[PDB]
Each structure stands twice: as C-alpha cells, then as structure tokens.
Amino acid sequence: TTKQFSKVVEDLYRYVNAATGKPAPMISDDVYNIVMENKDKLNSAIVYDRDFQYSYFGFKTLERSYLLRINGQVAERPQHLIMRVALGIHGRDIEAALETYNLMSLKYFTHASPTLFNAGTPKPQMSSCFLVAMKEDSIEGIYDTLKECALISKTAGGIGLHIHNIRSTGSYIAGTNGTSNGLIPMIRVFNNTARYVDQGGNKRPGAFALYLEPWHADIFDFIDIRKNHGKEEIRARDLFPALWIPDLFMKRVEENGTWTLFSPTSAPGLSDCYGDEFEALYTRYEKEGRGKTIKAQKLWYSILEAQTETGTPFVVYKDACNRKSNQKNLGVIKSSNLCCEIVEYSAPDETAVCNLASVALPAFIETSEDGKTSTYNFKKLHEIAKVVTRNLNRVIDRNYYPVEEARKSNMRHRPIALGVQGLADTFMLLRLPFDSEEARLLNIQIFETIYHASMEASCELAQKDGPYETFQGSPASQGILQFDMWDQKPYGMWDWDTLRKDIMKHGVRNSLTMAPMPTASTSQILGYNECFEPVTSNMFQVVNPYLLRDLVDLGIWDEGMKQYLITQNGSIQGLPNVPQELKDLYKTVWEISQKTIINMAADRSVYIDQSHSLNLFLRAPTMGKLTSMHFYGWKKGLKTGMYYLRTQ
C-alpha cells in the first residue's frame, strides 16, 4: 500500500465510515497538524527497509491487531505505526520523536499495546491497567464502582479491583431482616459487566483481577472462582482471583496454627494497615471472638488445590508490597494489578494507572572486540532506559483518561513502569545457561542499570519540571531507594551516592519507575522471549533460532531432530548427539530449578520499585512442592510470590 507517511496520515485523518456517512478520523487533530507542518522532515526520516526487521509471526501480530486499517484494509506500514506512536508521545518535540522512532524501529525498545494502538489517535488511552478501589460497602458504592469499571472497560486496559471492604455472606444489614449475599453474588455482577462492555475492539474480554486478603469470611468460595466444575453459580469464569496475603497468614500456616475469618464489618480496619500494626489489630479482634476460627492449613490446602487446578489465585504479599514501596507515604496499598507487577496506591477517588514500556535486552549485545566473543553494553542500556523513562513521562501527560479517578491518581504521583523482554534470548546469545553464575550476575547488572538510569532521568525531569506532588515525605526524599528497603548494598556498577544525593536535592518526577511486565504480545512483535522468564519450549512450526543455528553448525541437525523436538515438548535433554553445553544452555523453564528462578527474581527485586509478574512452572506438582515454593519466595522477601501457576 501507500508509502508516503504524511499521505497515510491524511487518509487515516480524513476517513469516513461509508455505511453511516459519519466522519471517523483515526488520528488526533494535534498530531495531524504536527505531521503536516513537518511532512518533509518526517517523511524522509523513515527507513522503510526496517520493516524487514520483523519475523513472520512478528509482522503478522502487527498486521492482525496493530496496524491501522481503512475499511478493513491495512493502511499502516510498521514504520508508519512507529512514527505515529513517536509523535503521539512527543508531540511538538520533533527531535524527541525522531529519536524514539529510530530506537523503536531499530528494536531497542517498544511501548505497551495500548500505546501502539492509540498513541496519536483521537482518544489516546495509552495505559495498560488500572487499580480500582471498591468505593464503599454499600449498594451505592458498589454500583458507582461498577459504573467506573464499565467506563474504564470502554477502552484498552485491564482492571485490578480490591474488595476487602465488602460485607461477607450472612452479614447483618440495617433496615431489613435480609442478610448480605456476600462476595460471590457481587463478583458475578462484575463478571456480567465485563462481558457486556465488550466492544472496545482494542479490549480483551473479561480481563478483571480481584484482590482479597485471606481473612475475609468468603475466602473459600473466592479462591475457587475459576473451577470448571463448581456449583455453577458460585463461579466467575472470566475474572481472576488474587490473594493479598499478610505475613501473619504465612506464619500461622507454617506454625500449623489457627486462622480467623472476619467479615470486614465485624472487624474494621484490617486492610487499612499492615505489618506489626495489622498483626496487633488482627490478634486483638481474634481474641474478642469477632470471627470464625479455623485451622490455617485448611485454608492453605484449598489455595493449593485451586492453583493446581486453575492456575489461580495469584499470590502477592501485602506486607512486602507496603513495607517496600516509595508510595508508602500515600497510605496503605490494597492491591496489585491484573498481571501482578503493579504495586500502586488506590482509593475511592484515586484509580492507579499502569504506564508501560519494555526494553529489548538483546539489542545491547555486541562483539565490539574482535568477533567470536561478545559483550554487553550497559552504557547503551542505561542511555535507552533514560529515553524510555522520558517517554512514559510524556505519556502520563498526553494520555486520555477514561475516568477522573485515574487522571487524579496519575497526575499526583506520576508512577511509571519500565520492563524488559529477551532476557532468555540475551543469555542464549551470550551462551550463558539460565541457571549459571554468569547469568545470575548479568541479571543483577542489567536491572541495576535500568533502575539507576530510570531514577537518573526521572531526577533530571524533576529539576526541569519539579518533583511529583507527593514526593516530599517519601522514602526517596529521605535518600531511601528500593534496595535500601531490602537492606542491601547495590551491586555497584553505577554510582548511587551521587544519584541519591541529587534526588534528595531535586527530587524525582516519578514516584515509581520499575515493574517488569509479561510482554505477552509486544515481545512477539520484536521476536524475543517473554519478559524475564526462560524459554518454555525450543519449538507454522518454528524451532528455537539459536538452537537451530548450533545444531546446524554441528551438522547433527537432520530430521531425527525436528521430529524429536515436537514430540519431547521442545526439550533436547536426554537427546543422543547433542553436546552437554547445548543441553545446559537450552534448558526449558520446566527443566530449570524453580528455586533458581526465585533467587534471580529476588536478586533483581532489590532494583524494582513495584513488582514483577513471576509465573511459576511445576512439571510434577505435588502439594509439598508447591508449598515450599511459596514459602521460599515469601522468606525471600518477594512482593509477587506468584502470578500464574502453570503445570504439565
């Protein structure tokens, strides 16, 4: 189709829905005027040959859901989409747009799907998720919340909703002899609304995540919300249950002690405090017989059966999240998000927003020596991270907010979330086993630099535009950075004294900056493995590109391989003519020590403002196994103990 960018913008901007005779522009007024006023500079900036930097499936993903279409026909070329995003982000700052265009077109990084969809369009909703607070334990608060969720659902983005404050089943209701129906019937109302506000196009069906602390009396039905064999009307098939767990629960379980189930109305404040204060308030309520005591392990057993069967509920630690958040001065954080990476404050008048982008880790690998060997360019990584940090900052300002609570939240705290992809690819290119000592060090270094860089750029922005509204009084304002809250010394590749000094001096423009996300779709566009996890399989059919090369360079790649791989689930262990060095490098996530996965996750966590979507893979899932993985992650101090639990 058409090549000239300014021309594609014209078509997209002048578009009319023929069947209705309604003008339906796919580009904002402001971005259109910016393209027209710089058509020469923008048109001759694009390198159309870079469109060949996408694999078959990569390109297909873009064509299928990303490239803007005109009457069902793809109107945009990948380069067109990238310049649109660049402009949608930087506006009149053309020099900034050109930089983002080249870096993105060269695959150094990319933005989240909502941004690739909507940046530069009339309703530019560029954020990935929203953390919504249940407004009030009332029919009015519940329906105001339902309305808010529906409006948010109109456009792109997932929702995280905490419901700790809702009255449990059988609870008393003043003004009637009836009693509360509890969480399930209310959850089912939300399930139904998620299915109705369907036509976002950009939107993914349900995509709702529910957060609940384990002491809520309706806890047992809540965790079984995704079973496909329940009592039928007690399930919520399109929503995801997530546990907001206090350390107290884990200790009682580990002690094989007791656990008490409370209706929030008969035991107020439990979600409005954490740590020691929560334990004192909980223990006290427990002694006064305000709830129903049970054996901690009884609840625990149901949790593992539910995860083993459905993969849910996710596990995120309430105390670790609150104790180690730079937003702790805002109040108590009552939830995470749909993908368990965002840890931001929310309230009835404030819905936290996810502003995402991921850095392409493999793009920093280079020979730079003599060849054969290859090194990692941390200096370049640092440089790009600062670029992305500025981008996500602009996004906060140019974003279209579906609801006022989301605007209020984002403008006040300006949280940001940089992530990664291609970690596995990186280790593979550098020929480093995922569970090796070298890979462990690289993991630490990469995250240390991205964190230093994001905070450095954020500090520069604070010098230019002032700190975010709630910066004063935050841990960062007192020189307490993320790793300090883990009581560790940074690795040291970068200078933290100077950065910390500058931060205390000038502050930072963003309250948070890190939150490695799943990148399920955006990683598919760049052709790398998802985020920070090992490859799930070494296998239209496509065998691991790196495994292929090596098997060819040994000639050993015949047909007794292509057939093996497909049969043994992309696994090459226990395979005859394959060097040990290759078996060690191309291990599958099912073949890697889940304990090593959790260590590296803990290592990089000291440099993560928020959290990260840690999926756990258990091949032979026994109860005791799954139990030690949870407690191992918990004692490791992780925030997100587990996102999805995948089995096989």
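Position 1 is the first residue in the sequence shown; the rest follow in order. Throughout, rigid core stands for the largest set of C-alpha atoms superposing within 1.5 Å between the two forms.
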Would you mind working out which of 300-308 and 560-568 sits farther from this form in 7 other deposited structures of this protein by RMS C-alpha distance, with the rigid core as the fit? 560-568
Line up the rigid core: which moves more in 7 other deposited structures of this protein, 368-376 or 354-362, by C-alpha RMS? 368-376
Determine if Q488 is unmodelled in a third or more of the other PDB entries compared for this protein. no
Considering only other entries where residues before and after it are modelled, is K203 without coordinates in at least a third? yes
Deposited but uncoordinated residues in the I94/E95 interval: none
If you take the mean CA temperature factor per stretch, which one wins between 462-470 and 316-324? 462-470
Quick check on the record: does 577-585 or 599-607 carry the larger mean Cα temperature factor? 577-585
Highest CA B factor of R195, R167, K231, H162, as deposited, is found at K231
Can you pull the Cα B-factors for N191, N443, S511, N71 from the entry and say which is highest? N71
Considering only modelled residues of the same chain, in which third does the CA B-factor of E279 rank: lowest, middle or highest? middle
Of the three thirds of the chain ranked by Cα temperature factor, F249 occupies the lowest
Of the three thirds of the chain ranked by Cα temperature factor, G624 occupies the highest
Going by the entry, which third of its chain does the Cα temperature factor of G479 land in? middle
In terms of the CA temperature factor given in the entry, to which third of its chain does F222 belong: lowest, middle or highest? lowest
